[PDB]
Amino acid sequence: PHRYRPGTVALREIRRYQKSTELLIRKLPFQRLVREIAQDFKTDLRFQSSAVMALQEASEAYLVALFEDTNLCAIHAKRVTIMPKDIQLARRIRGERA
């Protein structure tokens, strides 16, 4: 009965995903959200396949970087577990809450 210790697989995932470039969010679900959010701005809309793709590419690129800054904030407070206050602080200094 084998088992990897806490964090050993996490580190492994970090290594894997920083090597690759594939989108990490499942497309269909992402597309639903996009369309849903849009319907609030103009009813009965169509989307070029590439329009949805540009938005997903932009969104993951954004979140990933926000996860980088969040990590730095957790670490600044001598932790290794990112928390909401960490995301809040980052966006706040980014001026996204200013």
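Residue positions are given as counts along the sequence shown, with the first one as 1.
Higher mean CA B-factor, judged across 38-46 and 62-70 from the recorded values: 38-46.
Note on 9-17 vs 84-92: mean CA B-factor is higher in 9-17. Among the modelled residues of its chain, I25 has a C-alpha B-factor that falls in the middle third, as given in the PDB entry. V52: CA B factor lies in the lowest third for its chain, per the PDB record.
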